[PDB]
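Reproduced below: entry12.tsv, with TSV, C-alpha atoms.
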```
chain	number	residue	atom	x	y	z
A	1	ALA	CA	97.06	129.09	113.00
A	2	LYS	CA	99.13	129.72	109.91
A	3	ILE	CA	99.39	126.71	107.59
A	4	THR	CA	102.37	126.99	105.22
A	5	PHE	CA	102.59	124.67	102.23
A	6	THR	CA	105.97	123.93	100.66
A	7	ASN	CA	106.52	122.06	97.43
A	8	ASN	CA	109.81	120.17	97.59
A	9	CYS	CA	108.82	118.10	94.53
A	10	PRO	CA	110.58	118.64	91.18
A	11	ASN	CA	107.23	119.45	89.50
A	12	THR	CA	104.28	121.76	90.18
A	13	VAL	CA	101.72	120.63	92.75
A	14	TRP	CA	98.27	122.18	93.21
A	15	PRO	CA	97.22	121.89	96.86
A	16	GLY	CA	93.63	121.71	98.01
A	17	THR	CA	92.08	122.46	101.39
A	18	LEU	CA	88.80	121.31	102.84
A	19	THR	CA	87.13	122.31	106.10
A	20	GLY	CA	85.14	119.53	107.77
A	21	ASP	CA	82.43	119.48	110.45
A	22	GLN	CA	80.16	121.58	108.20
A	23	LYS	CA	82.25	124.66	109.00
A	24	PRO	CA	83.30	127.48	106.64
A	25	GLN	CA	86.05	126.87	104.07
A	26	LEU	CA	89.42	128.55	104.46
A	27	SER	CA	90.20	131.63	102.35
A	28	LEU	CA	92.15	129.42	99.91
A	29	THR	CA	90.62	126.09	98.87
A	30	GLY	CA	93.08	125.43	96.04
A	31	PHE	CA	96.17	127.04	94.55
A	32	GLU	CA	99.27	126.51	92.40
A	33	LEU	CA	102.58	125.71	94.04
A	34	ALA	CA	105.56	125.69	91.64
A	35	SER	CA	108.49	123.39	92.41
A	36	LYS	CA	110.27	124.80	95.52
A	37	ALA	CA	107.59	127.43	96.12
A	38	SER	CA	105.66	128.04	99.36
A	39	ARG	CA	102.25	129.57	100.15
A	40	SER	CA	100.29	130.10	103.40
A	41	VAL	CA	96.66	130.01	104.50
A	42	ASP	CA	95.17	130.83	107.92
A	43	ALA	CA	92.94	128.48	109.86
A	44	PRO	CA	90.60	129.40	112.74
A	45	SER	CA	90.17	127.56	116.04
A	46	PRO	CA	88.67	125.10	116.40
A	47	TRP	CA	89.00	123.68	112.88
A	48	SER	CA	89.02	120.19	111.46
A	49	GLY	CA	89.80	119.34	107.88
A	50	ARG	CA	92.15	117.94	105.31
A	51	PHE	CA	94.84	118.96	102.83
A	52	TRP	CA	96.17	117.27	99.70
A	53	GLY	CA	98.12	118.02	96.54
A	54	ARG	CA	96.87	117.53	93.01
A	55	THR	CA	99.27	116.60	90.22
A	56	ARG	CA	99.31	116.77	86.44
A	57	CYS	CA	96.84	119.61	86.33
A	58	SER	CA	95.91	121.74	83.38
A	59	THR	CA	93.07	123.87	82.18
A	60	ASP	CA	91.54	121.52	79.62
A	61	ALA	CA	90.32	122.16	76.04
A	62	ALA	CA	86.91	123.19	77.49
A	63	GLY	CA	88.54	125.79	79.76
A	64	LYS	CA	88.07	123.72	82.93
A	65	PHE	CA	90.88	123.11	85.43
A	66	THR	CA	91.33	119.31	85.70
A	67	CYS	CA	94.03	117.16	87.34
A	68	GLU	CA	95.09	113.56	86.74
A	69	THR	CA	95.39	112.96	90.50
A	70	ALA	CA	93.18	114.12	93.41
A	71	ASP	CA	91.00	116.36	91.22
A	72	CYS	CA	88.27	118.12	93.21
A	73	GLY	CA	85.86	118.51	90.31
A	74	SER	CA	85.34	122.25	90.61
A	75	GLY	CA	86.73	123.09	87.16
A	76	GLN	CA	88.86	125.74	88.89
A	77	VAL	CA	92.13	125.93	90.77
A	78	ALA	CA	90.00	126.70	93.85
A	79	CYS	CA	88.24	123.53	95.12
A	80	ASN	CA	85.40	125.61	96.60
A	81	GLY	CA	84.58	123.22	99.43
A	82	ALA	CA	84.92	119.99	97.43
A	83	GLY	CA	87.25	117.19	98.42
A	84	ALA	CA	89.68	115.18	96.29
A	85	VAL	CA	88.68	112.24	94.10
A	86	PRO	CA	90.94	109.62	95.66
A	87	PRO	CA	93.46	108.10	95.67
A	88	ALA	CA	95.21	110.94	97.42
A	89	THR	CA	97.72	111.30	100.21
A	90	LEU	CA	96.05	113.39	102.95
A	91	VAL	CA	97.19	115.56	105.80
A	92	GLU	CA	94.46	115.82	108.43
A	93	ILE	CA	94.54	118.40	111.21
A	94	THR	CA	92.17	119.06	114.07
A	95	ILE	CA	92.95	122.49	115.57
A	96	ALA	CA	91.76	122.55	119.16
A	97	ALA	CA	89.28	124.97	120.64
A	98	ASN	CA	90.67	127.52	123.11
A	99	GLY	CA	94.39	126.88	122.54
A	100	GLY	CA	94.05	123.17	123.39
A	101	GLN	CA	95.72	120.05	122.04
A	102	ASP	CA	95.68	119.84	118.23
A	103	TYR	CA	96.11	116.45	116.63
A	104	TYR	CA	97.13	115.66	113.07
A	105	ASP	CA	98.63	113.11	110.73
A	106	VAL	CA	99.55	112.07	107.23
A	107	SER	CA	97.03	109.44	106.14
A	108	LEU	CA	97.07	106.85	103.37
A	109	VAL	CA	93.57	105.60	104.23
A	110	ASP	CA	92.42	107.02	100.88
A	111	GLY	CA	95.58	105.83	99.10
A	112	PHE	CA	98.59	107.77	97.95
A	113	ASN	CA	99.55	110.17	95.19
A	114	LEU	CA	102.35	112.39	96.57
A	115	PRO	CA	104.75	112.11	99.52
A	116	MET	CA	103.72	114.56	102.26
A	117	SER	CA	104.69	115.59	105.78
A	118	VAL	CA	103.03	117.79	108.37
A	119	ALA	CA	104.92	119.38	111.26
A	120	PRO	CA	103.74	121.85	113.89
A	121	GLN	CA	105.84	124.96	114.50
A	122	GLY	CA	105.86	126.27	118.02
A	123	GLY	CA	103.13	125.22	120.42
A	124	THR	CA	103.81	122.98	123.38
A	125	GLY	CA	103.79	119.22	123.98
A	126	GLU	CA	105.02	116.36	121.83
A	127	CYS	CA	104.54	118.25	118.55
A	128	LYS	CA	106.24	115.55	116.46
A	129	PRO	CA	105.96	115.46	112.64
A	130	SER	CA	103.94	112.89	110.70
A	131	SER	CA	105.38	111.91	107.32
A	132	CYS	CA	105.06	109.73	104.28
A	133	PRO	CA	108.33	110.54	102.42
A	134	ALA	CA	108.42	107.49	100.13
A	135	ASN	CA	107.23	107.49	96.54
A	136	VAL	CA	104.75	104.69	97.12
A	137	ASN	CA	103.76	104.78	93.45
A	138	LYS	CA	107.06	103.02	92.66
A	139	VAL	CA	105.99	99.90	94.64
A	140	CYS	CA	102.25	99.96	93.98
A	141	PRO	CA	100.84	96.57	92.91
A	142	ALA	CA	98.71	96.38	89.76
A	143	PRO	CA	95.24	96.16	91.32
A	144	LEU	CA	95.95	99.40	93.21
A	145	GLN	CA	97.61	101.36	90.39
A	146	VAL	CA	96.24	104.43	88.68
A	147	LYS	CA	98.13	105.18	85.46
A	148	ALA	CA	98.63	108.24	83.26
A	149	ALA	CA	98.42	107.90	79.44
A	150	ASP	CA	102.24	107.76	79.25
A	151	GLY	CA	101.83	104.57	81.35
A	152	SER	CA	103.38	105.96	84.52
A	153	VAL	CA	101.81	104.98	87.85
A	154	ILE	CA	100.53	108.30	89.24
A	155	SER	CA	98.64	107.12	92.32
A	156	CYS	CA	98.05	104.04	94.45
A	157	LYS	CA	94.64	103.12	95.82
A	158	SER	CA	94.19	101.78	99.32
A	159	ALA	CA	92.64	98.29	99.48
A	160	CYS	CA	89.48	99.82	100.95
A	161	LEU	CA	89.20	102.08	97.88
A	162	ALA	CA	90.12	99.37	95.37
A	163	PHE	CA	88.24	96.37	96.80
A	164	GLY	CA	85.85	97.61	99.49
A	165	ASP	CA	85.98	94.46	101.69
A	166	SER	CA	85.00	95.13	105.30
A	167	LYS	CA	88.37	93.76	106.43
A	168	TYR	CA	90.01	96.63	104.52
A	169	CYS	CA	87.54	99.42	105.30
A	170	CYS	CA	87.03	98.32	108.91
A	171	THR	CA	83.24	98.20	108.63
A	172	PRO	CA	80.97	95.44	110.04
A	173	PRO	CA	81.80	92.70	111.00
A	174	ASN	CA	85.30	94.28	111.13
A	175	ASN	CA	84.07	97.60	112.61
A	176	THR	CA	86.50	97.76	115.61
A	177	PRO	CA	90.29	97.89	116.00
A	178	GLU	CA	90.20	94.37	117.52
A	179	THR	CA	88.32	93.02	114.49
A	180	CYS	CA	90.18	95.02	111.85
A	181	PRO	CA	93.90	94.13	111.97
A	182	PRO	CA	96.50	95.27	109.40
A	183	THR	CA	96.43	93.45	106.03
A	184	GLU	CA	99.02	92.62	103.34
A	185	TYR	CA	97.85	95.77	101.55
A	186	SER	CA	97.93	98.19	104.47
A	187	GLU	CA	101.43	96.84	105.16
A	188	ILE	CA	102.60	98.07	101.75
A	189	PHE	CA	101.86	101.62	102.92
A	190	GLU	CA	103.04	101.03	106.49
A	191	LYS	CA	106.49	99.74	105.45
A	192	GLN	CA	107.03	102.70	103.05
A	193	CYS	CA	105.68	105.29	105.49
A	194	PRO	CA	105.71	104.10	109.14
A	195	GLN	CA	105.10	107.64	110.43
A	196	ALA	CA	101.76	107.88	108.53
A	197	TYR	CA	98.45	106.07	109.06
A	198	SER	CA	98.10	103.05	106.76
A	199	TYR	CA	94.46	102.11	107.36
A	200	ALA	CA	91.34	103.18	109.29
A	201	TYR	CA	92.37	101.59	112.61
A	202	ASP	CA	96.11	101.97	112.36
A	203	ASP	CA	97.05	102.61	116.00
A	204	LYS	CA	96.83	106.38	116.73
A	205	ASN	CA	100.16	108.08	117.52
A	206	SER	CA	100.09	110.13	120.71
A	207	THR	CA	103.15	112.16	119.58
A	208	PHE	CA	101.09	113.69	116.71
A	209	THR	CA	99.64	116.19	119.19
A	210	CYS	CA	100.56	119.77	119.91
A	211	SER	CA	99.03	122.38	122.23
A	212	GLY	CA	98.93	126.15	122.41
A	213	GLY	CA	98.08	127.13	118.85
A	214	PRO	CA	101.05	125.96	116.76
A	215	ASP	CA	101.45	126.96	113.16
A	216	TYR	CA	101.98	124.13	110.64
A	217	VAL	CA	104.23	123.36	107.71
A	218	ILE	CA	102.93	120.91	105.13
A	219	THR	CA	105.60	119.65	102.70
A	220	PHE	CA	105.20	117.80	99.44
A	221	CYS	CA	108.12	115.43	98.71
A	222	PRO	CA	109.71	116.05	102.15
```
Would you mind writing the file's structure down as structure tokens?
Amino acid sequence: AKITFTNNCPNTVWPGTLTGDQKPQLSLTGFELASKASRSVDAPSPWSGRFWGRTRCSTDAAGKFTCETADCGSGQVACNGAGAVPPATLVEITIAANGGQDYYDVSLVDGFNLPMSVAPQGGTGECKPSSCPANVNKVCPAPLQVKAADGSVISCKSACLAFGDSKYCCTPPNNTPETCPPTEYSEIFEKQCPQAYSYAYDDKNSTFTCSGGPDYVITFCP
């Protein structure tokens, strides 16, 4: 599958990619995407992993690439098989084995930093897009805020990340959908971005499925 990233944001974003399930990383694990620019990476089948965008990046005084949001700690533009330090908006994709049914989403389970959408191109089935188009940072309550030095809110933690309570993380005794309902905090994310997952046991969306080896477009600030 071809995964094309598009930056619709007014500022540069530095995407990252991470292959899960102990499988090999994609050819690009991090790159620079200027405002309005696009870039593609190929994924094998099957494949399961995650994508994000880092913001406010710069090579620092020590010569290490560091970002104020979603930094992957590699000291390079490439993330080299490391994931983001949350909070970070995530796109997750599972590419099916043998041309089967992929499934995917935008997730705010690890918080938010940038608006993102993911949409399959081609394939067969529902193949509907998942999106979080809102700038959730603008409505992020204090205990969830991450701020830059200029005082701007640059990311918004999920309640699981910020507080850790089992009722937020959906861990025992709240380890099932029945015992882990939505909270006031997950509802912040849900109201802003209803077509994204707002917590661990947000009801799965059967339209976020697509068969027959679709390509994908991932958009920042859709």
Closest of A:75, A:212, A:129, A:143 to residue 95 in chain A - atom-to-atom distances counting all atoms listed in the file: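 The closest residue to residue 95 in chain A is A:212.
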Long-range neighbours of residue 39 in chain A as a list in words, 12 Å cut-off, all atoms listed in the file, 3 positions minimum in chain: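 Residues near the query, excluding close chain neighbours: residues 2, 3, 4, 5, 6, 7, 13, 14, 15, 16, 28, 30, 31, 32, 33, 34, 35, 36, 42, 216, 217, 218 and 219 of chain A.
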Which of A:92, A:215, A:21, A:184 sits closest to residue 110 in chain A [using only C-alpha atoms]: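 Residue with the minimum atom-to-atom distance to residue 110 in chain A: A:92.
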Proximity to residue 29 in chain A - best of A:192, A:80, A:137, A:131, only C-alpha atoms: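 The shortest atom-to-atom distance to residue 29 in chain A comes from A:80.
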Option closest in space to residue 159 in chain A, from A:135, A:124, A:186, A:171 [counting all atoms listed in the file]: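 Among the listed residues, the smallest separation from residue 159 in chain A belongs to A:186.
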Å distance separating CA of residue 195 in chain A from CA of residue 113 in chain A, one decimal place: 16.4 Å
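Across A:1, A:57, A:153, A:142, the tightest approach to residue 213 in chain A is made by A:1 when counting all atoms listed in the file.
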Non-local contacts of residue 145 in chain A (12 Å; only C-alpha atoms; under 6 positions in same chain excluded) as a PDB file with C-alpha atoms, keeping the file's coordinate frame:
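Output file around.pdb follows:
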```pdb
ATOM      1  CA  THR A  69      95.390 112.960  90.500  1.00  0.00           C
ATOM      2  CA  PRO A  86      90.940 109.620  95.660  1.00  0.00           C
ATOM      3  CA  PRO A  87      93.460 108.100  95.670  1.00  0.00           C
ATOM      4  CA  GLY A 111      95.580 105.830  99.100  1.00  0.00           C
ATOM      5  CA  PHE A 112      98.590 107.770  97.950  1.00  0.00           C
ATOM      6  CA  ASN A 113      99.550 110.170  95.190  1.00  0.00           C
ATOM      7  CA  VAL A 136     104.750 104.690  97.120  1.00  0.00           C
ATOM      8  CA  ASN A 137     103.760 104.780  93.450  1.00  0.00           C
ATOM      9  CA  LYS A 138     107.060 103.020  92.660  1.00  0.00           C
ATOM     10  CA  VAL A 139     105.990  99.900  94.640  1.00  0.00           C
ATOM     11  CA  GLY A 151     101.830 104.570  81.350  1.00  0.00           C
ATOM     12  CA  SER A 152     103.380 105.960  84.520  1.00  0.00           C
ATOM     13  CA  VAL A 153     101.810 104.980  87.850  1.00  0.00           C
ATOM     14  CA  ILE A 154     100.530 108.300  89.240  1.00  0.00           C
ATOM     15  CA  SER A 155      98.640 107.120  92.320  1.00  0.00           C
ATOM     16  CA  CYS A 156      98.050 104.040  94.450  1.00  0.00           C
ATOM     17  CA  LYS A 157      94.640 103.120  95.820  1.00  0.00           C
ATOM     18  CA  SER A 158      94.190 101.780  99.320  1.00  0.00           C
ATOM     19  CA  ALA A 159      92.640  98.290  99.480  1.00  0.00           C
ATOM     20  CA  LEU A 161      89.200 102.080  97.880  1.00  0.00           C
ATOM     21  CA  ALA A 162      90.120  99.370  95.370  1.00  0.00           C
TER      22      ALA A 162
END
```
Coordinates-based distance that separates CA of residue 18 in chain A from CA of residue 191 in chain A (Å, one decimal):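 Atom-to-atom, CA of residue 191 in chain A to CA of residue 18 in chain A, that is 28.0 Å.
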Residue 50 in chain A surroundings by all atoms listed in the file, 10 Å radius, close-in-sequence under 6 positions cut, as a ChimeraX atom specification: /A:16-20,83-84,90-94,104-107
Selection: 9 Å around residue 169 in chain A, only C-alpha atoms, excl. self and same-chain fewer than 6 positions, as a PyMOL selection string: chain A and resi 109+159-161+175+180+199-200
